[PDB]
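To start, the structure itself, in structure tokens.
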Amino acid sequence: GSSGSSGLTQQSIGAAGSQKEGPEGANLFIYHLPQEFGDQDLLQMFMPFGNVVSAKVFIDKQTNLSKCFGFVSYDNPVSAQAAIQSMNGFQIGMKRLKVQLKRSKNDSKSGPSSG
């Protein structure tokens, strides 16, 4: 496990380490992350599912080490789901992962009207 590849890629976006988010309704929060995983990893971990808009990791204020959880967001709530669908409970290393999009009480999606 923990396989990686440094294949020369011409993908220059600049999301690694950014508290940015997509459109209202779309969100992604990774929890129960390993020590091996960091900031970039998470990005290249969700990239496969789609073009991640935001991808960052939190750090403890006592152990100065990853909080075992990071934030993420897509361009829409339709793609962000694709990830969780599988990621949700992704058995990594010896444990499982926990991904969930920031819950939303009131979501007003101005869709098609007078149709």
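Chain labels follow the order of the structure tokens: the first chain is A, the next B, and so on; residue numbering restarts at 1 in every chain, and ligands are counted from 1 in their shown order.
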*asked:* Using only C-alpha atoms, which protein or nucleic acid residues come within 10 Å of residue 53 in chain A? Drop anything in the same chain fewer than 6 positions from it, and give the result as a list in words.
replied: residues 13, 14, 15, 16, 18, 19, 20, 21, 22, 27, 43, 47, 72, 73, 74, 75, 76 and 80 of chain A
Just the residues within 9 Å of residue 89 in chain A, please, counting only C-alpha atoms, with nothing from its chain fewer than 6 positions along; format it as a compact mmCIF listing (two decimals) with N, CA, C and O atoms, in the first residue's frame.
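Output saved as out_34.txt:
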```
# COMPACT_ATOMS: atom_id res chain seq x y z
N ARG A 96 -9.76 2.71 8.32
CA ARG A 96 -10.70 3.19 7.31
C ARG A 96 -10.75 4.72 7.29
O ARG A 96 -10.36 5.37 8.27
N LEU A 97 -11.22 5.28 6.19
CA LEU A 97 -11.32 6.73 6.04
C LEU A 97 -12.76 7.20 6.23
O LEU A 97 -13.70 6.43 6.05
N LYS A 98 -12.92 8.47 6.58
CA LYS A 98 -14.24 9.04 6.78
C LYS A 98 -14.37 10.38 6.05
O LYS A 98 -13.84 11.39 6.50
N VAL A 99 -15.09 10.37 4.93
CA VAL A 99 -15.29 11.58 4.14
C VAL A 99 -16.75 12.01 4.16
O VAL A 99 -17.65 11.18 4.01
```
*A:90, A:71, A:37, A:31: which is nearest residue 55 in chain A, counting only C-alpha atoms?*
A:71
*asked:* Just to confirm, what's the straight-line distance from CA of residue 104 in chain A to CA of residue 39 in chain A in Å (one decimal)?
replied: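 Taking CA of residue 104 in chain A and CA of residue 39 in chain A, their separation equals 25.4 Å.
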_Report, in Å with one decimal, the straight-line distance from CA of residue 26 in chain A to CA of residue 103 in chain A._
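Between these atoms lies a distance of 9.4 Å.
Here the DSSP assignment of strand (DSSP E), based on backbone atoms, applies within range 10-50 of chain A to residues 28, 29, 30 and 31 of chain A.
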Selection export as a PDB file, in the first residue's frame, atoms kept: N, CA, C and O atoms:
```
ATOM      1  N   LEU A  28     -16.364  18.676   1.081  1.00  0.00           N
ATOM      2  CA  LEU A  28     -15.665  17.416   1.313  1.00  0.00           C
ATOM      3  C   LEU A  28     -14.697  17.538   2.485  1.00  0.00           C
ATOM      4  O   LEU A  28     -13.802  18.383   2.479  1.00  0.00           O
ATOM      5  N   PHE A  29     -14.882  16.687   3.489  1.00  0.00           N
ATOM      6  CA  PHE A  29     -14.025  16.697   4.669  1.00  0.00           C
ATOM      7  C   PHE A  29     -13.511  15.295   4.981  1.00  0.00           C
ATOM      8  O   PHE A  29     -14.286  14.399   5.317  1.00  0.00           O
ATOM      9  N   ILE A  30     -12.200  15.112   4.866  1.00  0.00           N
ATOM     10  CA  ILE A  30     -11.583  13.819   5.137  1.00  0.00           C
ATOM     11  C   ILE A  30     -11.160  13.708   6.597  1.00  0.00           C
ATOM     12  O   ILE A  30     -10.555  14.626   7.150  1.00  0.00           O
ATOM     13  N   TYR A  31     -11.479  12.575   7.215  1.00  0.00           N
ATOM     14  CA  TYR A  31     -11.130  12.343   8.613  1.00  0.00           C
ATOM     15  C   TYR A  31     -10.428  10.999   8.783  1.00  0.00           C
ATOM     16  O   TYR A  31     -10.438  10.162   7.880  1.00  0.00           O
TER      17      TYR A  31
END
```
*asked:* Excluding residue 5 in chain A and its own-chain neighbours fewer than 2 positions away, which residues fall within 12 Å of it when counting only C-alpha atoms? Please give them as a ChimeraX atom specification.
replied: /A:2-3,7-9,41,44-45
*Which residue gives the smallest distance to residue 25 in chain A among A:51, A:108, A:10, A:63, with only C-alpha atoms counted?*
A:108
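Interatomic distance, CA of residue 86 in chain A against CA of residue 65 in chain A: 26.8 Å.
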*Between A:101, A:57, A:52, A:78, single out the one closest to residue 34 in chain A, counting only C-alpha atoms.*
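The shortest atom-to-atom distance to residue 34 in chain A comes from A:57.
Scanning range 25-115 of chain A with DSSP on the backbone, the alpha helix (DSSP H) assignments fall on residues 39, 40, 41, 42, 43, 44, 45, 46, 77, 78, 79, 80, 81, 82, 83, 84, 85, 86 and 87 of chain A.
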_Non-local contacts of residue 49 in chain A (9 Å; only C-alpha atoms; under 5 positions in same chain excluded) as a VMD selection string_ = chain A and resid 79 to 80 82 to 83
Print the selection's residues with N, CA, C and O atoms to a file, as a PDB file, in the first residue's frame.
```
ATOM      1  N   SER A  79     -20.173  16.193  -8.425  1.00  0.00           N
ATOM      2  CA  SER A  79     -18.908  15.475  -8.527  1.00  0.00           C
ATOM      3  C   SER A  79     -18.360  15.138  -7.144  1.00  0.00           C
ATOM      4  O   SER A  79     -17.840  14.045  -6.919  1.00  0.00           O
ATOM      5  N   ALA A  80     -18.481  16.087  -6.220  1.00  0.00           N
ATOM      6  CA  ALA A  80     -18.000  15.891  -4.859  1.00  0.00           C
ATOM      7  C   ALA A  80     -18.569  14.611  -4.254  1.00  0.00           C
ATOM      8  O   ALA A  80     -17.918  13.959  -3.438  1.00  0.00           O
ATOM      9  N   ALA A  82     -19.418  11.805  -5.963  1.00  0.00           N
ATOM     10  CA  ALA A  82     -18.751  10.666  -6.583  1.00  0.00           C
ATOM     11  C   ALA A  82     -17.634  10.133  -5.692  1.00  0.00           C
ATOM     12  O   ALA A  82     -17.460   8.922  -5.558  1.00  0.00           O
ATOM     13  N   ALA A  83     -16.882  11.044  -5.086  1.00  0.00           N
ATOM     14  CA  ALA A  83     -15.782  10.663  -4.209  1.00  0.00           C
ATOM     15  C   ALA A  83     -16.293   9.920  -2.980  1.00  0.00           C
ATOM     16  O   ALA A  83     -16.042   8.727  -2.817  1.00  0.00           O
TER      17      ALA A  83
END
```
